[PDB]
$ cat model.pdb   # PDB, C-alpha atoms
ATOM      1  CA  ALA A   1      -9.775  20.209  -5.719
ATOM      2  CA  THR A   2      -6.501  18.417  -6.386
ATOM      3  CA  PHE A   3      -5.812  16.378  -9.501
ATOM      4  CA  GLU A   4      -2.657  14.307  -9.420
ATOM      5  CA  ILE A   5      -1.604  13.777 -13.029
ATOM      6  CA  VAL A   6       0.675  10.768 -13.419
ATOM      7  CA  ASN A   7       2.525   9.603 -16.527
ATOM      8  CA  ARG A   8       3.030   5.832 -16.449
ATOM      9  CA  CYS A   9       3.719   5.793 -20.199
ATOM     10  CA  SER A  10       7.201   4.816 -21.358
ATOM     11  CA  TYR A  11       7.215   8.029 -23.386
ATOM     12  CA  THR A  12       7.062  11.689 -22.394
ATOM     13  CA  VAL A  13       3.672  13.390 -22.499
ATOM     14  CA  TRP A  14       2.695  17.000 -22.053
ATOM     15  CA  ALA A  15      -0.296  17.111 -19.753
ATOM     16  CA  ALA A  16      -2.948  19.732 -20.423
ATOM     17  CA  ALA A  17      -5.820  21.048 -18.331
ATOM     18  CA  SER A  18      -8.474  23.499 -19.493
ATOM     19  CA  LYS A  19     -12.147  24.402 -19.232
ATOM     20  CA  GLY A  20     -12.298  25.718 -22.781
ATOM     21  CA  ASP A  21     -12.015  29.447 -22.226
ATOM     22  CA  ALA A  22      -9.270  29.341 -19.581
ATOM     23  CA  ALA A  23      -6.387  27.259 -18.264
ATOM     24  CA  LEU A  24      -6.921  25.136 -15.200
ATOM     25  CA  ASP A  25      -3.959  25.726 -12.862
ATOM     26  CA  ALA A  26      -0.901  26.346 -15.076
ATOM     27  CA  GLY A  27      -2.759  24.728 -17.994
ATOM     28  CA  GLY A  28       0.053  22.435 -19.109
ATOM     29  CA  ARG A  29       3.351  20.791 -18.187
ATOM     30  CA  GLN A  30       5.876  18.251 -19.428
ATOM     31  CA  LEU A  31       5.686  14.848 -17.735
ATOM     32  CA  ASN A  32       8.539  12.484 -18.428
ATOM     33  CA  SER A  33       7.950   8.776 -17.955
ATOM     34  CA  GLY A  34       7.026   8.228 -14.316
ATOM     35  CA  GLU A  35       6.562  11.868 -13.360
ATOM     36  CA  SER A  36       3.616  13.192 -11.363
ATOM     37  CA  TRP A  37       2.192  16.719 -11.560
ATOM     38  CA  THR A  38      -0.397  17.864  -9.005
ATOM     39  CA  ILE A  39      -2.741  20.677 -10.001
ATOM     40  CA  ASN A  40      -5.432  22.621  -8.233
ATOM     41  CA  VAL A  41      -8.778  23.119  -9.902
ATOM     42  CA  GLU A  42     -11.223  25.670  -8.481
ATOM     43  CA  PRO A  43     -14.406  24.298  -6.889
ATOM     44  CA  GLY A  44     -17.421  24.690  -9.159
ATOM     45  CA  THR A  45     -15.344  24.123 -12.305
ATOM     46  CA  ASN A  46     -17.784  23.164 -15.042
ATOM     47  CA  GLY A  47     -16.750  21.401 -18.246
ATOM     48  CA  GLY A  48     -13.145  20.858 -17.217
ATOM     49  CA  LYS A  49     -10.895  18.555 -19.233
ATOM     50  CA  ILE A  50      -7.488  16.949 -18.780
ATOM     51  CA  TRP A  51      -5.611  15.258 -21.612
ATOM     52  CA  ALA A  52      -2.194  14.164 -22.771
ATOM     53  CA  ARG A  53      -0.270  15.623 -25.687
ATOM     54  CA  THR A  54       2.409  13.707 -27.579
ATOM     55  CA  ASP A  55       5.524  14.614 -29.571
ATOM     56  CA  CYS A  56       5.654  18.250 -28.558
ATOM     57  CA  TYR A  57       8.339  20.844 -29.199
ATOM     58  CA  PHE A  58       8.309  24.163 -27.328
ATOM     59  CA  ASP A  59      10.711  27.101 -27.377
ATOM     60  CA  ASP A  60      11.859  29.222 -24.405
ATOM     61  CA  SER A  61       8.597  31.193 -24.407
ATOM     62  CA  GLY A  62       6.442  28.062 -24.259
ATOM     63  CA  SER A  63       5.312  28.241 -27.879
ATOM     64  CA  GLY A  64       5.480  25.324 -30.253
ATOM     65  CA  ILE A  65       3.545  22.325 -31.502
ATOM     66  CA  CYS A  66       2.314  18.843 -30.524
ATOM     67  CA  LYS A  67       1.375  15.982 -32.861
ATOM     68  CA  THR A  68      -1.720  15.208 -30.781
ATOM     69  CA  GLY A  69      -3.740  17.443 -28.480
ATOM     70  CA  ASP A  70      -2.052  20.706 -29.503
ATOM     71  CA  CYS A  71      -3.803  23.674 -27.886
ATOM     72  CA  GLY A  72      -3.010  26.617 -30.168
ATOM     73  CA  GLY A  73       0.717  25.876 -29.956
ATOM     74  CA  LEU A  74       0.952  26.699 -26.237
ATOM     75  CA  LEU A  75       2.746  24.715 -23.513
ATOM     76  CA  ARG A  76       0.276  26.195 -21.055
ATOM     77  CA  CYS A  77      -3.110  25.400 -22.593
ATOM     78  CA  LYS A  78      -5.883  28.002 -22.343
ATOM     79  CA  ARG A  79      -8.121  26.152 -24.808
ATOM     80  CA  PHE A  80      -9.077  22.548 -25.605
ATOM     81  CA  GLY A  81      -6.630  20.476 -27.645
ATOM     82  CA  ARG A  82      -6.613  19.327 -31.248
ATOM     83  CA  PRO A  83      -8.043  15.788 -31.752
ATOM     84  CA  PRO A  84      -7.279  12.970 -31.345
ATOM     85  CA  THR A  85      -7.337  13.376 -27.563
ATOM     86  CA  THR A  86      -8.473  10.894 -24.970
ATOM     87  CA  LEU A  87     -10.412  13.120 -22.552
ATOM     88  CA  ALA A  88     -10.765  13.074 -18.791
ATOM     89  CA  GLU A  89     -13.887  15.184 -18.253
ATOM     90  CA  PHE A  90     -15.285  16.682 -15.049
ATOM     91  CA  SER A  91     -17.731  19.158 -13.600
ATOM     92  CA  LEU A  92     -17.218  19.843  -9.904
ATOM     93  CA  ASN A  93     -19.636  20.930  -7.151
ATOM     94  CA  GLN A  94     -22.729  20.733  -9.328
ATOM     95  CA  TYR A  95     -25.576  20.923  -6.816
ATOM     96  CA  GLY A  96     -23.497  19.087  -4.246
ATOM     97  CA  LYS A  97     -21.866  16.494  -6.492
ATOM     98  CA  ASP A  98     -18.906  15.938  -8.818
ATOM     99  CA  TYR A  99     -19.359  14.328 -12.252
ATOM    100  CA  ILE A 100     -16.497  12.577 -14.057
ATOM    101  CA  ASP A 101     -16.140  10.545 -17.244
ATOM    102  CA  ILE A 102     -13.692   9.574 -19.960
ATOM    103  CA  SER A 103     -14.594  10.445 -23.557
ATOM    104  CA  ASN A 104     -13.437   9.150 -26.953
ATOM    105  CA  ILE A 105     -15.775  11.606 -28.755
ATOM    106  CA  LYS A 106     -12.700  13.601 -29.812
ATOM    107  CA  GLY A 107     -10.688  10.480 -30.596
ATOM    108  CA  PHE A 108      -8.013   8.646 -28.625
ATOM    109  CA  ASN A 109      -4.262   9.213 -28.355
ATOM    110  CA  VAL A 110      -3.095   7.961 -24.948
ATOM    111  CA  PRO A 111      -4.620   5.339 -22.627
ATOM    112  CA  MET A 112      -6.033   6.786 -19.418
ATOM    113  CA  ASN A 113      -7.384   5.974 -15.954
ATOM    114  CA  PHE A 114      -9.479   8.655 -14.212
ATOM    115  CA  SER A 115     -10.111   7.804 -10.520
ATOM    116  CA  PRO A 116     -11.006   9.574  -7.258
ATOM    117  CA  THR A 117      -8.306   9.610  -4.592
ATOM    118  CA  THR A 118     -11.046  10.174  -2.028
ATOM    119  CA  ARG A 119     -13.995   7.961  -1.015
ATOM    120  CA  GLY A 120     -17.504   7.537  -2.314
ATOM    121  CA  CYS A 121     -17.267   6.495  -5.962
ATOM    122  CA  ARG A 122     -15.402   4.438  -8.535
ATOM    123  CA  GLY A 123     -12.974   5.461 -11.262
ATOM    124  CA  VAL A 124     -13.264   5.013 -15.020
ATOM    125  CA  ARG A 125     -10.723   3.731 -17.504
ATOM    126  CA  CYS A 126      -9.970   3.434 -21.189
ATOM    127  CA  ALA A 127      -6.654   1.567 -21.422
ATOM    128  CA  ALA A 128      -7.188  -0.694 -24.454
ATOM    129  CA  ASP A 129      -4.844  -0.368 -27.434
ATOM    130  CA  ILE A 130      -7.142   1.838 -29.487
ATOM    131  CA  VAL A 131      -4.299   3.300 -31.552
ATOM    132  CA  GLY A 132      -2.980  -0.142 -32.526
ATOM    133  CA  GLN A 133      -6.458  -1.421 -33.442
ATOM    134  CA  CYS A 134      -7.723   1.845 -34.969
ATOM    135  CA  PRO A 135      -9.783   1.441 -38.182
ATOM    136  CA  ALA A 136      -7.738   2.445 -41.243
ATOM    137  CA  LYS A 137      -9.877   5.475 -42.124
ATOM    138  CA  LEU A 138      -9.693   6.822 -38.557
ATOM    139  CA  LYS A 139      -5.895   6.620 -38.145
ATOM    140  CA  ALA A 140      -4.287  10.010 -37.662
ATOM    141  CA  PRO A 141      -1.023  10.222 -39.644
ATOM    142  CA  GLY A 142       0.241  12.508 -36.880
ATOM    143  CA  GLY A 143      -0.446   9.738 -34.357
ATOM    144  CA  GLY A 144      -3.546   8.436 -32.585
ATOM    145  CA  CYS A 145      -7.071   7.432 -33.587
ATOM    146  CA  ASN A 146      -9.492  10.140 -34.798
ATOM    147  CA  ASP A 147     -13.185  10.166 -34.027
ATOM    148  CA  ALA A 148     -15.484   9.935 -37.076
ATOM    149  CA  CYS A 149     -16.809  13.488 -36.659
ATOM    150  CA  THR A 150     -13.271  14.875 -36.910
ATOM    151  CA  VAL A 151     -12.609  12.768 -40.003
ATOM    152  CA  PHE A 152     -15.861  13.003 -41.929
ATOM    153  CA  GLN A 153     -17.716  16.091 -40.646
ATOM    154  CA  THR A 154     -21.251  14.698 -41.039
ATOM    155  CA  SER A 155     -24.378  15.522 -39.044
ATOM    156  CA  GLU A 156     -24.605  11.858 -38.092
ATOM    157  CA  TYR A 157     -21.062  11.544 -36.667
ATOM    158  CA  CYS A 158     -21.022  15.014 -35.090
ATOM    159  CA  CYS A 159     -24.620  14.689 -33.800
ATOM    160  CA  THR A 160     -25.245  18.206 -35.066
ATOM    161  CA  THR A 161     -29.042  18.055 -34.956
ATOM    162  CA  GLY A 162     -29.053  16.410 -31.541
ATOM    163  CA  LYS A 163     -30.360  13.304 -33.273
ATOM    164  CA  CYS A 164     -27.811  10.626 -34.097
ATOM    165  CA  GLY A 165     -27.331   6.939 -33.448
ATOM    166  CA  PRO A 166     -24.297   4.742 -32.857
ATOM    167  CA  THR A 167     -22.154   4.082 -35.916
ATOM    168  CA  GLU A 168     -19.638   1.481 -37.074
ATOM    169  CA  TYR A 169     -16.915   3.904 -36.022
ATOM    170  CA  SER A 170     -18.420   4.725 -32.598
ATOM    171  CA  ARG A 171     -19.019   1.008 -31.965
ATOM    172  CA  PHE A 172     -15.265   0.435 -32.392
ATOM    173  CA  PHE A 173     -14.400   2.873 -29.593
ATOM    174  CA  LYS A 174     -17.210   1.416 -27.467
ATOM    175  CA  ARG A 175     -16.050  -2.165 -28.048
ATOM    176  CA  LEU A 176     -12.487  -1.395 -26.969
ATOM    177  CA  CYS A 177     -13.557   0.951 -24.160
ATOM    178  CA  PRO A 178     -17.095   0.269 -22.886
ATOM    179  CA  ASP A 179     -16.604   2.757 -20.031
ATOM    180  CA  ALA A 180     -15.981   5.821 -22.191
ATOM    181  CA  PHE A 181     -18.285   7.951 -24.345
ATOM    182  CA  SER A 182     -18.008   6.747 -27.955
ATOM    183  CA  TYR A 183     -20.390   9.310 -29.494
ATOM    184  CA  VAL A 184     -22.367  12.364 -28.338
ATOM    185  CA  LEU A 185     -25.570  10.509 -27.478
ATOM    186  CA  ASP A 186     -23.911   7.399 -26.068
ATOM    187  CA  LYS A 187     -25.562   5.903 -22.984
ATOM    188  CA  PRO A 188     -23.791   7.944 -20.279
ATOM    189  CA  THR A 189     -20.832   6.387 -18.482
ATOM    190  CA  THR A 190     -20.577   9.386 -16.182
ATOM    191  CA  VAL A 191     -19.750   8.690 -12.537
ATOM    192  CA  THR A 192     -21.293  10.672  -9.651
ATOM    193  CA  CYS A 193     -18.761  11.450  -6.903
ATOM    194  CA  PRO A 194     -19.164  13.376  -3.635
ATOM    195  CA  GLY A 195     -18.838  17.142  -4.072
ATOM    196  CA  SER A 196     -15.231  18.327  -3.680
ATOM    197  CA  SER A 197     -13.637  14.935  -4.328
ATOM    198  CA  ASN A 198      -9.968  14.758  -5.318
ATOM    199  CA  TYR A 199      -8.635  12.772  -8.266
ATOM    200  CA  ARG A 200      -5.791  11.080 -10.044
ATOM    201  CA  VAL A 201      -5.450  10.951 -13.836
ATOM    202  CA  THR A 202      -3.012   8.228 -14.887
ATOM    203  CA  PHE A 203      -1.729   7.995 -18.453
ATOM    204  CA  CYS A 204      -0.957   4.420 -19.563
ATOM    205  CA  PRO A 205      -2.344   2.917 -16.331
ATOM    206  CA  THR A 206      -1.705  -0.716 -17.370
ATOM    207  CA  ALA A 207       1.597  -0.072 -19.121
TER
END

$ encode --input "model.pdb" --output "structure tokens"
Amino acid sequence: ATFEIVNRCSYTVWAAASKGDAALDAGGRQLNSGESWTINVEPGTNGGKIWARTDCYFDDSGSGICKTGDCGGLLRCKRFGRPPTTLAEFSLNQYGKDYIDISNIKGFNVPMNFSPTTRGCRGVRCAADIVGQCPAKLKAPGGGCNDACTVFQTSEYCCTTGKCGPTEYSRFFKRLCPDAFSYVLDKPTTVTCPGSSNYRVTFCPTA
């Protein structure tokens, strides 16, 4: 499947793509304002994620650091990134269907639209100014808006026991972005697409 990753932000981002234990495609790449990067993701990819990283510095070998979404200091991510990270999430060719969503469960750093480029389903979007409106205790000094689990490490926020309800913090993410997961047991906003759909992830889709 193809994922066109587009940076409409006025600032450079470093796109990242991983399924947790491996890179997807090259795993990461710099995207200046306006640039597009098309990757190929193997059919059947389960638990894939795409995100943006901000304020990165990498050396010649592709080692360095990002202020949000850093994946073990690598330009080419093999692992998931350090919160806060707005997450485009997907599992492909699962009994004939693709499943996509956006998640704020690991916080928010960059606004995002996640849409099919092929027919048969709708896209999802979280493009509200979550960083600007972020509750004081959730603000990440490094940039972005942390989820409450990341900040407070409680069973309730992290849904450790598999029992948890919505919280004041999760309700903030849900208020600004109704179409993204705000906590682990949120009412699913997952979209069912035809198996083997193709997609576009757009950072800052409205700016």

$ resolve_selection --input "model.pdb" --expression "the PyMOL selection byres ((chain A and resi 23-29) around 7)" --output "list in words"
residues 14, 15, 16, 17, 18, 19, 22, 30, 31, 39, 40, 41, 75, 76, 77, 78 and 79 of chain A

$ residues_around --input "model.pdb" --residues "residue 9 (chain A)" --least-positions-apart "3" --cutoff "8 Å" --atoms "all atoms listed in the file" --output "MDAnalysis selection string"
chainID A and resid 12:13 33:34 203:205 207

$ resolve_selection --input "model.pdb" --expression "the PyMOL selection byres ((chain A and resi 130-145) around 12)" --output "ChimeraX atom specification"
/A:52-56,65-70,82-86,104-112,126-129,146-152,168-177,204

$ write_last_selection --input "model.pdb" --atoms "C-alpha atoms" --output "mmCIF file, keeping the file's coordinate frame"
data_model
loop_
_atom_site.group_PDB
_atom_site.id
_atom_site.type_symbol
_atom_site.label_atom_id
_atom_site.label_comp_id
_atom_site.auth_asym_id
_atom_site.auth_seq_id
_atom_site.Cartn_x
_atom_site.Cartn_y
_atom_site.Cartn_z
ATOM 1 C CA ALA A 52 -2.194 14.164 -22.771
ATOM 2 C CA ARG A 53 -0.270 15.623 -25.687
ATOM 3 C CA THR A 54 2.409 13.707 -27.579
ATOM 4 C CA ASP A 55 5.524 14.614 -29.571
ATOM 5 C CA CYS A 56 5.654 18.250 -28.558
ATOM 6 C CA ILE A 65 3.545 22.325 -31.502
ATOM 7 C CA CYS A 66 2.314 18.843 -30.524
ATOM 8 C CA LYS A 67 1.375 15.982 -32.861
ATOM 9 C CA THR A 68 -1.720 15.208 -30.781
ATOM 10 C CA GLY A 69 -3.740 17.443 -28.480
ATOM 11 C CA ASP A 70 -2.052 20.706 -29.503
ATOM 12 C CA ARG A 82 -6.613 19.327 -31.248
ATOM 13 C CA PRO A 83 -8.043 15.788 -31.752
ATOM 14 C CA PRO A 84 -7.279 12.970 -31.345
ATOM 15 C CA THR A 85 -7.337 13.376 -27.563
ATOM 16 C CA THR A 86 -8.473 10.894 -24.970
ATOM 17 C CA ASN A 104 -13.437 9.150 -26.953
ATOM 18 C CA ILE A 105 -15.775 11.606 -28.755
ATOM 19 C CA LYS A 106 -12.700 13.601 -29.812
ATOM 20 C CA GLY A 107 -10.688 10.480 -30.596
ATOM 21 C CA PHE A 108 -8.013 8.646 -28.625
ATOM 22 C CA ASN A 109 -4.262 9.213 -28.355
ATOM 23 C CA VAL A 110 -3.095 7.961 -24.948
ATOM 24 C CA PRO A 111 -4.620 5.339 -22.627
ATOM 25 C CA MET A 112 -6.033 6.786 -19.418
ATOM 26 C CA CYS A 126 -9.970 3.434 -21.189
ATOM 27 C CA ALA A 127 -6.654 1.567 -21.422
ATOM 28 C CA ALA A 128 -7.188 -0.694 -24.454
ATOM 29 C CA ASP A 129 -4.844 -0.368 -27.434
ATOM 30 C CA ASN A 146 -9.492 10.140 -34.798
ATOM 31 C CA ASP A 147 -13.185 10.166 -34.027
ATOM 32 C CA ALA A 148 -15.484 9.935 -37.076
ATOM 33 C CA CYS A 149 -16.809 13.488 -36.659
ATOM 34 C CA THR A 150 -13.271 14.875 -36.910
ATOM 35 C CA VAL A 151 -12.609 12.768 -40.003
ATOM 36 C CA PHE A 152 -15.861 13.003 -41.929
ATOM 37 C CA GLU A 168 -19.638 1.481 -37.074
ATOM 38 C CA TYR A 169 -16.915 3.904 -36.022
ATOM 39 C CA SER A 170 -18.420 4.725 -32.598
ATOM 40 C CA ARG A 171 -19.019 1.008 -31.965
ATOM 41 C CA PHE A 172 -15.265 0.435 -32.392
ATOM 42 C CA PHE A 173 -14.400 2.873 -29.593
ATOM 43 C CA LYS A 174 -17.210 1.416 -27.467
ATOM 44 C CA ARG A 175 -16.050 -2.165 -28.048
ATOM 45 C CA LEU A 176 -12.487 -1.395 -26.969
ATOM 46 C CA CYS A 177 -13.557 0.951 -24.160
ATOM 47 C CA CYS A 204 -0.957 4.420 -19.563
#

$ closest_residue --input "model.pdb" --among "A:35, A:201, A:195, A:162" --to "residue 50 (chain A)" --atoms "only C-alpha atoms"
A:201

$ atom_distance --input "model.pdb" --atom1 "CA of residue 88 (chain A)" --atom2 "CA of residue 200 (chain A)"
10.3 Å

$ residues_near_point --input "model.pdb" --point "(-16.8, 4.5, -0.5)" --cutoff "12 Å" --atoms "all atoms listed in the file" --output "list in words"
residues 116, 117, 118, 119, 120, 121, 122, 123, 192, 193, 194 and 197 of chain A

$ atom_distance --input "model.pdb" --atom1 "CA of residue 155 (chain A)" --atom2 "CA of residue 72 (chain A)"
25.7 Å

$ residues_around --input "model.pdb" --residues "residue 184 (chain A)" --least-positions-apart "5" --cutoff "9 Å" --atoms "all atoms listed in the file" --output "PDB file with C-alpha atoms, in the coordinates of the input"
ATOM      1  CA  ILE A 105     -15.775  11.606 -28.755  1.00  0.00           C
ATOM      2  CA  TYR A 157     -21.062  11.544 -36.667  1.00  0.00           C
ATOM      3  CA  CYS A 158     -21.022  15.014 -35.090  1.00  0.00           C
ATOM      4  CA  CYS A 159     -24.620  14.689 -33.800  1.00  0.00           C
ATOM      5  CA  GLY A 162     -29.053  16.410 -31.541  1.00  0.00           C
ATOM      6  CA  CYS A 164     -27.811  10.626 -34.097  1.00  0.00           C
ATOM      7  CA  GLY A 165     -27.331   6.939 -33.448  1.00  0.00           C
TER       8      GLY A 165
END

$ atom_distance --input "model.pdb" --atom1 "CA of residue 61 (chain A)" --atom2 "CA of residue 5 (chain A)"
23.2 Å

$ axis_aligned_box --input "model.pdb" --around "region 9-18 of chain A" --padding-each-side "5 Å" --output "JSON"
{"center_x": -0.6, "center_y": 14.2, "center_z": -20.9, "size_x": 25.7, "size_y": 28.7, "size_z": 15.1}

$ closest_residue --input "model.pdb" --among "A:80, A:95, A:37, A:199" --to "residue 8 (chain A)" --atoms "only C-alpha atoms"
A:37

$ closest_residue --input "model.pdb" --among "A:103, A:63, A:190, A:198" --to "residue 87 (chain A)" --atoms "all atoms listed in the file"
A:103

$ resolve_selection --input "model.pdb" --expression "the PyMOL selection byres ((chain A and resi 91) around 7)" --output "PyMOL selection string"
chain A and resi 45-48+90+92-94+98-100

$ build_atoms --input "model.pdb" --residues "region 129-146 of chain A" --atoms "N, CA, C and O atoms" --output "PDB file, keeping the file's coordinate frame"
ATOM      1  N   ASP A 129      -5.746  -0.868 -26.404  1.00  0.00           N
ATOM      2  CA  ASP A 129      -4.844  -0.368 -27.434  1.00  0.00           C
ATOM      3  C   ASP A 129      -5.637   0.149 -28.638  1.00  0.00           C
ATOM      4  O   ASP A 129      -5.655  -0.463 -29.714  1.00  0.00           O
ATOM      5  N   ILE A 130      -6.281   1.294 -28.452  1.00  0.00           N
ATOM      6  CA  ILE A 130      -7.142   1.838 -29.487  1.00  0.00           C
ATOM      7  C   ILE A 130      -6.320   2.317 -30.679  1.00  0.00           C
ATOM      8  O   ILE A 130      -6.753   2.174 -31.818  1.00  0.00           O
ATOM      9  N   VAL A 131      -5.119   2.836 -30.437  1.00  0.00           N
ATOM     10  CA  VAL A 131      -4.299   3.300 -31.552  1.00  0.00           C
ATOM     11  C   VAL A 131      -3.867   2.114 -32.423  1.00  0.00           C
ATOM     12  O   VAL A 131      -3.990   2.158 -33.646  1.00  0.00           O
ATOM     13  N   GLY A 132      -3.387   1.047 -31.792  1.00  0.00           N
ATOM     14  CA  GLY A 132      -2.980  -0.142 -32.526  1.00  0.00           C
ATOM     15  C   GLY A 132      -4.111  -0.770 -33.332  1.00  0.00           C
ATOM     16  O   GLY A 132      -3.887  -1.235 -34.449  1.00  0.00           O
ATOM     17  N   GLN A 133      -5.325  -0.770 -32.783  1.00  0.00           N
ATOM     18  CA  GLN A 133      -6.458  -1.421 -33.442  1.00  0.00           C
ATOM     19  C   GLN A 133      -7.312  -0.483 -34.288  1.00  0.00           C
ATOM     20  O   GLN A 133      -8.285  -0.926 -34.914  1.00  0.00           O
ATOM     21  N   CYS A 134      -6.959   0.798 -34.288  1.00  0.00           N
ATOM     22  CA  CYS A 134      -7.723   1.845 -34.969  1.00  0.00           C
ATOM     23  C   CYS A 134      -8.100   1.465 -36.408  1.00  0.00           C
ATOM     24  O   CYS A 134      -7.257   0.983 -37.155  1.00  0.00           O
ATOM     25  N   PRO A 135      -9.378   1.664 -36.788  1.00  0.00           N
ATOM     26  CA  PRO A 135      -9.783   1.441 -38.182  1.00  0.00           C
ATOM     27  C   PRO A 135      -8.955   2.311 -39.117  1.00  0.00           C
ATOM     28  O   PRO A 135      -8.627   3.446 -38.759  1.00  0.00           O
ATOM     29  N   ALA A 136      -8.623   1.775 -40.288  1.00  0.00           N
ATOM     30  CA  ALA A 136      -7.738   2.445 -41.243  1.00  0.00           C
ATOM     31  C   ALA A 136      -8.132   3.896 -41.519  1.00  0.00           C
ATOM     32  O   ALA A 136      -7.285   4.787 -41.516  1.00  0.00           O
ATOM     33  N   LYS A 137      -9.418   4.136 -41.760  1.00  0.00           N
ATOM     34  CA  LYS A 137      -9.877   5.475 -42.124  1.00  0.00           C
ATOM     35  C   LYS A 137      -9.850   6.456 -40.960  1.00  0.00           C
ATOM     36  O   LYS A 137      -9.915   7.661 -41.175  1.00  0.00           O
ATOM     37  N   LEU A 138      -9.746   5.947 -39.733  1.00  0.00           N
ATOM     38  CA  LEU A 138      -9.693   6.822 -38.557  1.00  0.00           C
ATOM     39  C   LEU A 138      -8.274   7.139 -38.061  1.00  0.00           C
ATOM     40  O   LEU A 138      -8.099   8.014 -37.211  1.00  0.00           O
ATOM     41  N   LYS A 139      -7.280   6.409 -38.560  1.00  0.00           N
ATOM     42  CA  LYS A 139      -5.895   6.620 -38.145  1.00  0.00           C
ATOM     43  C   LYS A 139      -5.455   8.036 -38.443  1.00  0.00           C
ATOM     44  O   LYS A 139      -5.672   8.538 -39.540  1.00  0.00           O
ATOM     45  N   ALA A 140      -4.848   8.683 -37.458  1.00  0.00           N
ATOM     46  CA  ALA A 140      -4.287  10.010 -37.662  1.00  0.00           C
ATOM     47  C   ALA A 140      -2.818   9.847 -38.011  1.00  0.00           C
ATOM     48  O   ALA A 140      -2.062   9.262 -37.234  1.00  0.00           O
ATOM     49  N   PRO A 141      -2.415  10.337 -39.198  1.00  0.00           N
ATOM     50  CA  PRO A 141      -1.023  10.222 -39.644  1.00  0.00           C
ATOM     51  C   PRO A 141      -0.075  10.829 -38.616  1.00  0.00           C
ATOM     52  O   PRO A 141       1.017  10.311 -38.405  1.00  0.00           O
ATOM     53  N   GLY A 142      -0.523  11.894 -37.951  1.00  0.00           N
ATOM     54  CA  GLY A 142       0.241  12.508 -36.880  1.00  0.00           C
ATOM     55  C   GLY A 142       0.340  11.671 -35.612  1.00  0.00           C
ATOM     56  O   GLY A 142       1.078  12.021 -34.694  1.00  0.00           O
ATOM     57  N   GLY A 143      -0.395  10.564 -35.557  1.00  0.00           N
ATOM     58  CA  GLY A 143      -0.446   9.738 -34.357  1.00  0.00           C
ATOM     59  C   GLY A 143      -1.846   9.707 -33.756  1.00  0.00           C
ATOM     60  O   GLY A 143      -2.560  10.719 -33.773  1.00  0.00           O
ATOM     61  N   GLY A 144      -2.254   8.548 -33.237  1.00  0.00           N
ATOM     62  CA  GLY A 144      -3.546   8.436 -32.585  1.00  0.00           C
ATOM     63  C   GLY A 144      -4.691   7.954 -33.460  1.00  0.00           C
ATOM     64  O   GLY A 144      -4.506   7.594 -34.623  1.00  0.00           O
ATOM     65  N   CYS A 145      -5.889   7.943 -32.889  1.00  0.00           N
ATOM     66  CA  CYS A 145      -7.071   7.432 -33.587  1.00  0.00           C
ATOM     67  C   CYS A 145      -8.178   8.478 -33.530  1.00  0.00           C
ATOM     68  O   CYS A 145      -8.759   8.699 -32.464  1.00  0.00           O
ATOM     69  N   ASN A 146      -8.433   9.134 -34.667  1.00  0.00           N
ATOM     70  CA  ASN A 146      -9.492  10.140 -34.798  1.00  0.00           C
ATOM     71  C   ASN A 146     -10.895   9.601 -34.567  1.00  0.00           C
ATOM     72  O   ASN A 146     -11.208   8.456 -34.918  1.00  0.00           O
TER      73      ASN A 146
END
